[PDB]
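If you scroll down you'll find the structure; I have some questions about it.
Going by the order they are written in, the chains are A, B, C, D, E, F and G; count residues from 1 in each one.
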């Protein structure tokens, strides 16, 4: 009973590895000639009917903290934003001392400027916030831009919008993407409801801090996942069943005035503000947040932390991390957010009004990528944006406390964690169809 | 002043590069063909009889 | 090679070949101006006297 | 080369630096370099020996 | 129609019937920072397929799926019988017990083909 | 002199004897900056389009020949015109239009009943 | 890697066994574009000759015979004078200027050879 060997073409073997992924869109961008930042126009359209296939009698290990596909997601957003800000107007000769006067949240800063014609002096004025200008004096009203030292400040391109439309990632042909939608997934463990997909669903490439917006809701109930709960410096990612919504706006009605720098370059800024001045705020409805927080602490009392938990605000210090970042309509918000964590969970306002300031000159991508600063141009009129809170980023505080459990702070202060809350159930493999097996065949010839 | 100091960055046509339009031929790759209608008095949009590949 | 007994519906006002033709002439002329001399400090006052 | 000093940053313009020594500490000297005798001319003798062909 | 990657964790015998459903959807899928990622990953599938298309095209196969080889199955590696491997393990399970030997297996399957090409050549 | 795209609009049976005059140019990939990147993304189309049909050909019956037959019994759900109409007064372009919705359904039944032959070829030995 | 470009100076008849160790290794920012253009070049070197092999006789094998006459205008060395006291480097240097007319000769009586199967069926 001698046995020979035979080959087999079409053998499913995974042995996961790392590759380069595609970009796909839903082709719902009917508004032509928009051409947003992430080049959604420059992605392959027409991918309907995502025919998923079910897998059975199969066990394999999923991982999320050791995933390297999310590194590609974080690498793209650094490159996607950097390449968009290159081919439009720079405003680098604006590093001039400003003789401002209070008009207050906003300022009436004025300066001497040189037009496109050289050796010409024009008295032009703009409006800046406190978060964009810093003084170098004792009491003199001189002001200068925040990032003029060892950095280059460029203007965001005006005709390209910041709308967060979803995109779909896809592996190349021969590479499969697996997914797990088993109920109450641990985060790092074997799965049973494994289903191969042609390619993954729509990721939302929105950037946020201290919260998560426009994510995917949970399947059954509020799940909390992490690597180890015993460590102090590790982040915590949560997911909600009932989405918390915000109906908020920014009443700051004004007009945009084009100030020439330059040889073809144009500096955009707000001019004659119209109407009663007001600050940026957002309402969060009570009986939908503390009720939501009640659901979160139901299994936060499970076998990770025992009892006597308490919610606290951010640590403080560096302002660019501790507040909650926000973005809608082309404006970047940095918001007071201590009122959502001023409570203690142990065993009369209708809505929560969060004050919030506006930072036109951001520095978020420079400290991780070094591409440069960004001057967000002002947006005409009053803008209003509504979003759903679908996740929170919590981090415990290291210390000693014999009587009670250590406090919880929301200042995660990381970028990669914002994309692991939606790519938590995806894994890329390579399919080599080869394989050998013995049988009874002699190759007669 | 120069006429284009508005909304343009004025560069110079590069001296060692000529503007002479030498004829070029557009050619489809393998697996693709180009259909030519060399019929007399082509209307512009409609049927053509003397189609040449 | 000529073709006999053949019919086909042609068009020239919605052809995608001429749309690609316009894309090149923008790109070839724009790339030809980059890697040599620019003249941007010239937009200054010009004291002009007619000859 | 004895040149131990603290480099200085010069504010050329918007977001740029120009590192140059301006604070040299110690005693000035000319940078010298050793090449060992009785070994270099040993090499130079070997260079010409195979050139005697 | 079990679809792409269908009976993959299923029986060996059932997986011996649907080899070709993993072959037609292998290289044909849907079709400038996204453009370079589009191009450098499309060509990554073409050369990876041709990387193990020679391997079919050298040993015994020309373009077929299940071609026999005259290697006599030396007993150094796993020696499970016919009623064991074809009954209650999947293809992913089988690949874990043979993965390190494939360096020696592949250079031996391509062997005894030049030894065969002479036999047909000298007979003519 | 037939040439590339010869009897295309002619009789279907007339073109059934002249397959090789135009199948050679689909083959023969031998050789005998804006447009630098246009060449790169279009030369890969030469190897994508050629090899994109040599996978499906080599699976079913055709190893190195153009006309390989299979054992599919030609189900009557799609068009069932007789022999004297298909091969005499109809063209290949007209034929694919009538059968375009069923090309994938006819194809997906060909790789099956081919493994049923390959497994029966192995089991016979 | 063990025998890549191996016994190239040995007997011409010792190339019976060393074909596989060589045939197995024909495919193994503007800087990425230059690196990518070399990757697609190797995709053209291989399969530019496999298309040739896929034409005449060698669809999926290494040694395929052909019924061309092999006339005596070129060198008339016999089987013993070729396969024993010669290397392939020296052999290809003698028919280098004749292989251009050779390659089209196998194509002759090959498309004609493809006609009889159509004629029979």
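Operating definition for what follows: a contact is a pair of C-beta atoms (placed from the backbone, for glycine too) under 8 Å apart; a residue touches a chain by one contact, two chains touch by 3 or more.
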Could you tell me which chain lies farthest from subunit A when each chain's centre is the average position of its Cα atoms?
G
Compare the CA centroid of subunit B with every other chain's and tell me the farthest one.
D
How many angstrom lie between the centres of subunit D and subunit F, each centre taken as the mean Cα position?
72
Could you grab the centroid distance between subunit E and subunit G? Build each centroid from C-alpha atoms only and quote it in angstrom.
26
I'd like to verify one number: the distance from the centre of subunit D to the centre of subunit G, where each centre is the average of its C-alpha atoms, in whole angstrom.
58
Would you mind pulling out the distance in Å between where the CA atoms of subunit C average out and where those of subunit E do?
51
I need the residues of subunit E touching at least two other chains; which ones are they?
16, 18-21, 23, 26-28, 39-40, 42-43, 46, 50, 56, 61-63, 65-66, 68
Give the residues of subunit D touching no fewer than two other chains, as numbers and ranges.
none
On the basis of the stated criterion, which chains touch which? Give every pair.
A-B, A-C, A-D, A-E, A-F, B-C, B-F, C-F, E-F, E-G, F-G
Residue set of subunit C touching subunit B in the complex reads 1-3, 6-13, 17, 21, 32-33, 35-40, 42-46
Hey, which residues of subunit B end up touching subunit F in the complex?
29-33, 53
Touch list for subunit A against partner subunit D, complex:
92-93, 95, 147-153
For a test of understanding, state which residues of subunit G touch subunit E in their complex under the given definition.
16-17, 19-20, 23-24, 26-27, 32-33, 36, 39-40, 42-43, 46-47, 59-63, 65
Where on subunit A does subunit F make contact in their complex?
6, 439-442, 444
